[PDB]
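Engineer: Here you go, one structure.
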Amino acid sequence: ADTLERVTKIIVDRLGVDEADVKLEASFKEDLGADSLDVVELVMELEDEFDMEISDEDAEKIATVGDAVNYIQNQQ
Numbered sequence: 001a002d003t004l005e006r007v008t009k010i011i012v013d014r015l016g017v018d019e020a021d022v023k024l025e026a027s028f029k030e031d032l033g034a035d036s037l038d039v040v041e042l043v044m045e046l047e048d049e050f051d052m053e054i055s056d057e058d059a060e061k062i063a064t065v066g067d068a069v070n071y072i073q074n075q076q
């Protein structure tokens, strides 16, 4: 609930560009054209929002940025 919307504000406001590029099924690089840095970089600020241990290996090896969102619900 607050997690998704929270991450959505972080992802969208960041990799969303015009509020739409954000996509869980997207690899955050070839789908909505995103830089691997800003991508996992946005998931790092995300780990600080809900206090998580997402490292650069998470957002990168994670099934998808969305899984990162699912990663937060797994801690709640």
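For the sequence shown, PDB author numbering begins at 1 and goes up steadily by one.
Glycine included, every Cβ here is placed at the ideal spot set by N, Cα and C.
Grouping DSSP H, G and I as helix and E and B as strand, with all else coil, what is residue 40?
Structural biologist: Residue state, collapsed to three classes: helix.
Engineer: So, is residue 37 buried or exposed, given that buried needs 16 or more other C-beta atoms within 10 angstroms?
Structural biologist: exposed
Engineer: Run through DSSP, which three-state label would residue 66 get?
Structural biologist: helix
Engineer: What's the gap between the Cα of residue 60 and the Cα of residue 66?
Structural biologist: Looking at the two C-alpha atoms, the distance is approximately 12 Å.
Engineer: Determine, for residue 40, whether the minimum Cβ-Cβ distance to residues of chain B falls below 9 Å.
Structural biologist: Structure shown: chain B not included; a single protein chain is present.
Engineer: Is residue 23 near residue 39, with beta carbons less than 9 Å apart?
Structural biologist: no
Engineer: Which residues bound the alpha helix (DSSP H) around residue 7?
Structural biologist: That run of the alpha helix (DSSP H) goes 2–11.
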